[PDB]
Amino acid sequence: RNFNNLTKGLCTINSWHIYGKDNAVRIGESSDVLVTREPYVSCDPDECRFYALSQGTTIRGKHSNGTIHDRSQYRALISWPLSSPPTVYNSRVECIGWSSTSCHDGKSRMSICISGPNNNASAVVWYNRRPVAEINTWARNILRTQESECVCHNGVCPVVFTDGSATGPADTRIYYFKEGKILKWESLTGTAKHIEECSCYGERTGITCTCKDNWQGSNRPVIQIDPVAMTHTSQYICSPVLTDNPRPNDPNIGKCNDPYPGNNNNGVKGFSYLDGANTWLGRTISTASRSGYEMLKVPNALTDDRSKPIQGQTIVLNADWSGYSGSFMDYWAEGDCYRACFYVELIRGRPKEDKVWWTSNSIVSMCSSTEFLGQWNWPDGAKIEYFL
């Protein structure tokens, strides 16, 4: 086995096709399905799997009561076979904690889980299913990381962490790991003013992360990482097509180097693929809440502060609940290009549906096609009333 290198460009994205869907909430109405949130997808050279943070209880279990709570001792990063639901009997625990990332380097997988109280959290870095390195909180305020997969190049896997306020300046660091060991870390540089929950992907040009500014911005900050030099830059998506949630309406001039104003102290994890004319942005349809999901083709969105959509695709109707979204790719697929993929977390229960006492989600996932495929919509599909 050799370390994977990012030698390909993105495939041309002309539409999106269904990749995976687990229908976890539907099935968990009458099966031993774990309560989760913060899901993602990540590939090994021989298999792609769903990932999420378990809450250490099933949905029908009485301990599902109170699972809106983010950071208990009963959480763990689990993985399970593609499009199966996360069950007690098929879920593999990768590490223990309430914030995570994970990625395969071509030889083995690195998984990182953070646990602890708000003022004393720590990250444990696992490699090849063994703990290798640990990182203590540096700002004593909820050390946290991506909640989707990291990306590796020739054994080097960069990860973005934040420690500090969610409603003001915080201390963001980019760590560079190899075989679980810390090669280097850097403080955040560039014009991004607040960074959380980065969604990353890699291609020949380097590693691109689309993150969330929770403090002031409804445009998304972007971190661009060179995994060879182990250096990075940051800014915002220049486009006036704003992609955080909640957010103001789309203006005609975006902001490249500062938060676009209107909504403070809020946001959702999201993603984009930034690739010149081949650029596609994901966002919730609603500007007010986590409902609906759509992809928009916005040429040069990263660098053009006037850029508007020229094509799109609805993924989830506005009538249906969405949630977190993030990027991943099968870096070990055949062919001459990397096929862009993403998942959308479909949150059910609290706070929006409070007849039940739990919060969970299911997953839908798409990858790009060079065809111009017809579109459908992909709801969670569970009837909340069945759980009453």
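Sequential numbering from 1, following the sequence displayed.
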property	result
Which of 272 to 280 and 72 to 80 has higher mean CA B factor, as the PDB entry lists it	272 to 280
Between the two ranges 284 to 292 and 184 to 192, the one averaging a larger CA B factor in the entry	184 to 192
Identity of residue with top Cα B-factor, from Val222, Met230, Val88, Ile96	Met230
Most elevated Cα B-factor in the entry, residues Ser234, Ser148, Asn300, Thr162	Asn300
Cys11 by Cα B-factor - lowest, middle or highest third of the modelled chain	highest
B-factor third for the C-alpha atom of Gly335 within its chain	highest
Cα B factor band for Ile114 (lowest, middle or highest third within the chain)	lowest
Record-listed C-alpha B factor of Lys255: chain third	highest
Chain-relative CA temperature factor third for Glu47	highest
